[PDB]
Engineer: 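Sharing a structure below in structure tokens format, with a few things to ask.
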Protein chains: 2
Amino acid sequence: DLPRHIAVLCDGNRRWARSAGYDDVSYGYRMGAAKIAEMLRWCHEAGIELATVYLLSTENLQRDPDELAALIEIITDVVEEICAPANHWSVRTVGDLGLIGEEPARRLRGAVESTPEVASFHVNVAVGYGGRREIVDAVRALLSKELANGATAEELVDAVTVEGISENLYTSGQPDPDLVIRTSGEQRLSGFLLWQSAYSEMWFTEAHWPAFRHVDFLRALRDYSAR
Amino acid sequence: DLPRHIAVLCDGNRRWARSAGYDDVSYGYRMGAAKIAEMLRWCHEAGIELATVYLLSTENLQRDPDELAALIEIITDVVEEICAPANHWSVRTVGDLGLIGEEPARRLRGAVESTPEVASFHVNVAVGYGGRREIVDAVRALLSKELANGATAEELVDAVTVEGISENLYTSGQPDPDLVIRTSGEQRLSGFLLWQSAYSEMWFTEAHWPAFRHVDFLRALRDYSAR
Ligand SMILES: CC(C)=CCC/C(C)=C/COP(=O)(O)OP(=O)(O)O
Ligand SMILES: CC(C)=CCC/C(C)=C\COP(=O)(O)OP(=O)(O)O
């Protein structure tokens with residue numbers, strides 16, 4: 001009836017800001033950041049075991065340097081809030097912090113490392129992430145390990161398995177997402193948790209992410225249960 | 001405007017039959033088969049370049065033997081019709097025919113091989129298909145080619161790339177799906193063209209597959225164009 005793992009693509013932040021009459025789209029990102037905090041609280045309280053939030057795609061990283069820097073600061077603030085010790089949430093980065101700049105990477109890593117490995121609620125923060133890239137990096141990790149274990153070249157050709165890839169993703173050892181929520185009426189896909197979401201329920205709302213409400217979350221859960 | 005590649009998950013054949021008071025739900029598959037042929041005609045006439053139709057997943061192959069026997073025969077008929085010389089359609093099998101039995105596999109392969117390599121309309125028939133397995137088999141093919149070209153084990157560990165995977169999938173040489181059509185109100189992913197559909201537009205109808213009509217196809221194209 002209830003998802004174990006909900007994944008959320010937080011779309012529409014800039015559109016939201018423009019609709020509200022703001023010239024600076026960071027107003028959108030800041031409100032989206034507030035909604036991320038809300039959503040994770042809802043998930044925890046509803047008994048969801050794991051939530052993954054899509055904070056920064058590799059696509060996002062191609063944008064105006066100044067705007068991007070501001071966004072990355074908002075994201076780092078978000079993660080630091082997620083990692084607050086009063087929450088007692090276990091947190092994991094999903095993606096490549098090598099892409100966000102070293103000072104933000106240090107701050108993010110520091111926050112995430114401060115969280116317990118064992119907790120009732122787990123949060124994945126997807127930063128500097130792409131789904132196809134993740135699979136490639138999983139394969140490379142898999143093969144690297146096999147080589148270290150004395151695999152021959154011809155053994156490396158046969159070493160790759162579905163289970164071997166799964167075990168080498170960022171999400172190694174976690175249940176796959178049961179429910180993937182996307183906002184802004186986007187029914188495209190965008191490769192978020194590409195491998196892991198192969199059998200996930202998709203749920204869509206027209207509302208932009210900063211406008212996402214607790215009752216929208218309730219509808220998502222109700223729709224999921226009904227399916 | 002127009003999708004280059006439409007992918008169709010023909011869900012709801014059994015449910016349609018059950019809903020319409022049919023004791024034998026194989027009948028749903030037969031109605032669904034007729035609809036596949038019509039859909040492909042609509043695609044061709046509308047100027048879509050490539051259509052992929054999901055006929056048999058690796059899951060589907062664990063049904064009741066009487067039902068599975070009927071389904072496999074019906075799928076074989078569907079493919080034989082798609083491959084009819086009068087269509088002049090170029091057809092490709094997407095999946096592992098080793099999973100459907102020797103005699104059906106023989107018939108399917110014969111039909112598909114009889115079709116032209118060059119044609120204005122192309123149809124992928126997905127039979128014995130699993131998306132995660134496809135990626136694994138692509139990676140294995142990739143590495144095998146590297147080994148054949150003289151790569152060392154050391155070099156193999158780092159040989160895998162996003163483009164390398166795409167080039168070694170069943171759909172090598174083809175555009176990824178632009179539009180994925182799902183019926184029966186299903187919004188649950190099924191690993192169908194998993195890698196390829198990372199960025200595809202998803203479109204949903206409540207109509208069960210055997211109830212799918214040209215007006216619904218037109219709606220999908222309109223909705224696609226408007227997105
Ligand atoms: C000849 C055809 C149409 C082949 C397609 C087979 C595939 C779509 C699954 C058939 O079962 P189902 O999943 O459609 O039944 P249901 O979804 O109602 O359980
Ligand atoms: C703190 C938050 C919510 C971070 C998410 C940042 C990123 C994933 C959104 C990019 O802009 P956008 O895609 O949301 O703008 P729009 O979709 O309107 O173009």
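Note that these values count all heavy atoms, side chains included, but never hydrogens, waters or copies made by symmetry. Atoms within each ligand, like the ligands themselves, are counted from 1 in listed order. Numbers restart at 1 for each chain; the letters A, B, ... are given by sequence-line order, proteins then strands.
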Engineer: Given 3.5 Å as the limit, does a donor-acceptor pair link the side chain of B:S26 with the main chain of B:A70, or not?
Structural biologist: no
Engineer: If I apply the N/O under 3.5 Å rule, does A:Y29 come out as touching ligand 2?
Structural biologist: yes
Engineer: Which ligand 1 atoms are under 4.0 Å away from a heavy-atom of B:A33?
Structural biologist: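 Counting atoms of ligand 1 from 1, those under 4.0 Å from B:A33 are 1 (C), 3 (C).
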Engineer: Checking the side chain of B:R18 only, and the main-chain atoms of B:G28 only, is there a donor and an acceptor separated by less than 3.5 Å?
Structural biologist: no
Engineer: Using distance alone, decide if ligand 1 has a nitrogen or oxygen within less than 3.5 Å of any nitrogen or oxygen in B:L55.
Structural biologist: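 No - when backbone and side-chain N and O of B:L55 are compared with those of ligand 1, no distance drops under 3.5 Å.
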Engineer: Between the main-chain N or O of B:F204 and the side-chain N or O of B:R182, is there a donor-acceptor pair closer than 3.5 Å?
Structural biologist: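 No, the answer is negative, given that no donor and acceptor are paired below the 3.5 Å cut-off.
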Engineer: Name the closest protein heavy atom to atom 15 (O) of ligand 1, giving the residue it belongs to and the distance to 0.1 Å.
Structural biologist: B:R14 NE, 2.9 Å
Engineer: Answer with side chain, backbone, both or neither: which part of A:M31 has a heavy atom less than 4.0 angstrom from an atom of ligand 2?
Structural biologist: neither
Engineer: Which atoms of ligand 2 have any heavy atom of A:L71 under 4.0 Å away?
Structural biologist: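 Within the 4.0 Å cut-off of A:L71, ligand 2 contributes 6 (C).
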Engineer: Tell me which protein heavy atom sits closest to atom 10 (C) of ligand 1, plus the residue, atom name and distance to 0.1 Å.
Structural biologist: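 That would be B:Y29 CE2, 3.1 Å.
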Engineer: Near A:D11, which atoms of ligand 2 are under 4.0 Å from a heavy atom of that residue?
Structural biologist: 13 (O), 14 (O), 17 (O)
Engineer: Would you check whether B:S184 reaches within less than 4.0 Å of ligand 1, judged by its heavy atoms?
Structural biologist: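 Not so, B:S184 does not reach ligand 1.
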Engineer: With respect to atom 14 (O) of ligand 2, which of A:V8, A:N13, A:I72, A:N60 exhibits the smallest heavy-atom separation?
Structural biologist: A:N13
Engineer: Does ligand 2 have an atom under 4.0 Å from some heavy atom of A:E59?
Structural biologist: no
Engineer: Identify which of B:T183, B:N60, B:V53 has a heavy atom lying nearest to atom 7 (C) of ligand 1.
Structural biologist: B:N60
Engineer: Identify, for atom 17 (O) of ligand 1, the protein heavy atom at the shortest distance, and state residue, atom and that distance.
Structural biologist: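 I find the closest protein heavy atom is B:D11 OD1, 2.3 Å.
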Engineer: Please check if any side-chain donor atom of A:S19 sits under 3.5 Å from a side-chain acceptor atom of A:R15, or the reverse.
Structural biologist: no
Engineer: Name the closest protein heavy atom to atom 18 (O) of ligand 1, giving the residue it belongs to and the distance to 0.1 Å.
Structural biologist: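 Checked against all protein heavy atoms, atom 18 (O) of ligand 1 sits closest to B:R15 N, 2.7 Å.
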Engineer: Within the structure, does B:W16 bring an N/O atom to less than 3.5 angstrom of an N/O atom in ligand 1?
Structural biologist: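 So ligand 1 has no N or O lying under 3.5 Å from an N or O of B:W16.
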Engineer: Is there a donor-acceptor pair closer than 3.5 Å between any side-chain N or O of A:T183 and the backbone N or O of A:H208?
Structural biologist: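 Flag not set: sc A:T183 to bb A:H208 has no pair under 3.5 Å.
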Engineer: Counting both backbone and side chain atoms, is some N or O of A:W209 under 3.5 Å from an N or O of ligand 2?
Structural biologist: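 For ligand 2, there is no N or O atom that lies under 3.5 Å from one belonging to A:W209.
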Engineer: Taking B:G128's backbone N and O only, do any of them form a donor-acceptor pair with B:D96's side chain (distance below 3.5 Å, no angle check)?
Structural biologist: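 No, because the side chain of B:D96 does not come within donor-acceptor range (under 3.5 Å) of the backbone of B:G128.
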Engineer: Counting only heavy atoms, tell me which of A:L9, A:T183, A:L55 gets closest to atom 4 (C) of ligand 2.
Structural biologist: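 Among A:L9, A:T183, A:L55, the closest heavy atom to atom 4 (C) of ligand 2 belongs to A:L55.
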Engineer: Give yes if a backbone or side-chain nitrogen or oxygen of A:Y54 is under 3.5 Å from a nitrogen or oxygen of ligand 2, and no if not.
Structural biologist: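 The answer is no, given that A:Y54 and ligand 2 share no N or O pair closer than 3.5 Å.
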Engineer: Short list, please: which atoms of ligand 2 are under 4.0 Å from a heavy atom of A:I36?
Structural biologist: 1 (C), 2 (C), 3 (C)
Engineer: Return yes if some donor-acceptor pair links the side-chain N/O of B:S200 with the main-chain N/O of B:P177 below 3.5 Å, else return no.
Structural biologist: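 Checked: pair present.
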Engineer: Under 3.5 Å, is there a donor-acceptor pair between the side chain of A:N124 and the main chain of A:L50?
Structural biologist: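 Flag not set: sc A:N124 to bb A:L50 has no pair under 3.5 Å.
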Engineer: Show me which atoms of ligand 2 lie under 4.0 Å from any heavy atom of A:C10.
Structural biologist: 14 (O)
Engineer: Relative to each other, are the rings of B:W209 and B:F212 parallel, tilted or perpendicular (30° and 60° limits)?
Structural biologist: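 Plane angle under 30°, so parallel.
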Engineer: Are any of the heavy atoms in A:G12 under 4.0 Å away from ligand 2?
Structural biologist: yes
Engineer: Answer yes when B:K35 and B:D216 have at least one side-chain N-carboxylate O distance shorter than 4.0 Å, and no when they do not.
Structural biologist: no
Engineer: I need the nearest protein heavy-atom contact for atom 14 (O) of ligand 1: residue, atom name and distance, please.
Structural biologist: B:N13 ND2, 2.7 Å
Engineer: Would you mind listing which atoms of ligand 2 come within a distance below 4.0 Å of any non-hydrogen atom of A:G32?
Structural biologist: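 Numbered from 1, ligand 2 contributes 3 (C).
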Engineer: Answer yes or no: is there an ion pair linking B:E45 with B:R41, defined by an N-O contact shorter than 4.0 Å?
Structural biologist: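 Yes.
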Engineer: For the 3.5 Å polar cut-off, considering only N or O atoms, please tell me whether A:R15 and ligand 2 meet it.
Structural biologist: yes
Engineer: Closer than 4.0 Å to some heavy atom of B:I74 - which atoms of ligand 1 meet that?
Structural biologist: 1 (C)
Engineer: Does ligand 2 have any atom sitting under 4.0 Å from a heavy atom of A:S184?
Structural biologist: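 Judged by the 4.0 Å heavy-atom criterion, A:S184 does not count as contacting ligand 2.
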Engineer: Is the shortest side-chain N to carboxylate O distance from A:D64 to A:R14 below 4.0 Å?
Structural biologist: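 Between A:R14 and A:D64 there is no salt bridge, as every charged N stays at least 4.0 Å from the carboxylate O atoms.
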Engineer: May I ask you to decide whether A:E113 forms a salt bridge with A:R106, counting only side-chain N to carboxylate O separations under 4.0 Å?
Structural biologist: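 No, no charged N to carboxylate O under 4.0 Å.
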Engineer: Heavy atom to atom 8 (C) of ligand 1, shortest distance: which of B:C10, B:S26, B:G32, B:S190 holds it?
Structural biologist: B:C10
Engineer: Between B:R63 and ligand 1, does any nitrogen or oxygen pair lie at a separation below 3.5 Å?
Structural biologist: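 Yes, since at least one N or O of B:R63 sits under 3.5 Å from an N or O of ligand 1.
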Engineer: Counting each atom of ligand 2 from 1 as listed, which ones have a heavy atom of A:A33 under 4.0 Å away?
Structural biologist: 1 (C), 3 (C)
Engineer: Just say parallel, tilted or perpendicular for the rings of A:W89 and A:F121, cut-offs at 30° and 60°.
Structural biologist: perpendicular
Engineer: For ligand 1, is there an N or O atom under 3.5 Å from any N or O atom of B:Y54?
Structural biologist: no
Engineer: Is it true that B:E163 and A:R132 have a side-chain N and a carboxylate O under 4.0 angstrom from each other?
Structural biologist: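 Salt bridge: no.
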Engineer: Parallel, tilted or perpendicular: which one describes the rings of B:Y170 and B:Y129, with boundaries at 30° and 60°?
Structural biologist: tilted
Engineer: Compute the centroid of each ring, for A:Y27 and then for A:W16, and state whether the two points are separated by less than 6.0 Å.
Structural biologist: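 No - the distance between ring centres of A:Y27 and A:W16 does not fall below the 6.0 Å cut-off.
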